[PDB]
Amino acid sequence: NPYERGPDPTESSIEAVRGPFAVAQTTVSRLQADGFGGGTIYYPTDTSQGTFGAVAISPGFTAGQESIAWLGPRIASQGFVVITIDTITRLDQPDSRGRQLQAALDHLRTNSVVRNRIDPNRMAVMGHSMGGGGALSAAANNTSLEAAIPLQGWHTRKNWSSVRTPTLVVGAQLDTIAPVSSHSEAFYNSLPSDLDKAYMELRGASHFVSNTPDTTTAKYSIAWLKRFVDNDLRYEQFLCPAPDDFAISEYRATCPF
């Protein structure tokens, strides 16, 4: 597999705050950002292993980039170019956030800092709440996307039968903003039954579990991005079968991937 990066993983390595890749950052001003509100790109400096997959991450309604910023370097340091975006306005709705997540990825293709660092054919989307809805919208609008991860996603659209991108739906058990029964679990249920997909509910978690560092969220996002952005079979072990993880309330997966 040409896309494998970094040494073989262990529980300790995917749980780490910082992975085996030293990371740098560059900022995209709102003036430099076409179709999104700007953001921060995190990327590995080690280019000896080749180019990396790219990941765009959106915050939710009324939220700034800081609400999801911790994911940027934590994921990038596992071997990805990660842009944490601001939206054009903080009031933008899920469908617009999905446009902006795609525009942020496109910006990566011509960004002078990272355009040599990215494999433009291997891209993924993530978001929190309405940003997680944007991630689903972005995958539904672009079947070439390698992975999508809605974190406590919120969306008026509940049917996602058009998605062809491997999607990890991360619910929070005690979510009252975006209750898992009317959002996350509904999304997972409408994804195609043939799709490589997984639903993971975080035990006792509030809607805001992913606005502050959470090891369970990070470890399975990293395992998902590895498995599907990099086609990295070494990371299937953390997904299939279900992990005996007390942090997880419910788990569904179309294993084996």
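Heads up: residue numbers just count along the shown sequence, starting at 1.
**Student:** Could you check which stretch, 222-230 or 208-216, carries the larger mean CA temperature factor in the entry?
**Tutor:** Comparing averages over the C-alpha atoms only gives 208-216.
**Student:** State which stretch shows the higher mean Cα B factor in the entry: 5-13 or 240-248.
**Tutor:** In the deposited entry, the stretch with the higher C-alpha B-factor mean is 240-248.
**Student:** I'd like to know which of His128, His107, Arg164, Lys158 has the highest C-alpha temperature factor in the PDB entry.
**Tutor:** Reading the PDB entry, the winner on C-alpha B-factor is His107.
**Student:** With respect to C-alpha B-factor, does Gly38 fall in the lowest, middle or highest third of the chain as deposited?
**Tutor:** It falls in the middle third of the chain.
**Student:** Would you mind ranking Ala63 by its C-alpha B-factor against the rest of the chain and naming the third, lowest, middle or highest?
**Tutor:** It belongs to the middle third of the chain when residues are ordered by C-alpha B-factor.
**Student:** Quick check for you: using the entry's CA B-factors within this chain, is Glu146 in the lowest, middle or highest third?
**Tutor:** Its C-alpha B-factor, which the entry lists for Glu146, ranks in the lowest third among residues of this chain.
**Student:** By its CA B factor, does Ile88 count among the lowest, middle or highest third of the modelled residues in the chain?
**Tutor:** CA B-factor rank for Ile88: highest third.
**Student:** If you rank every modelled residue in this chain by C-alpha B factor, which third holds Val180: lowest, middle or highest?
**Tutor:** Its C-alpha B-factor belongs to the middle third of this chain's values.
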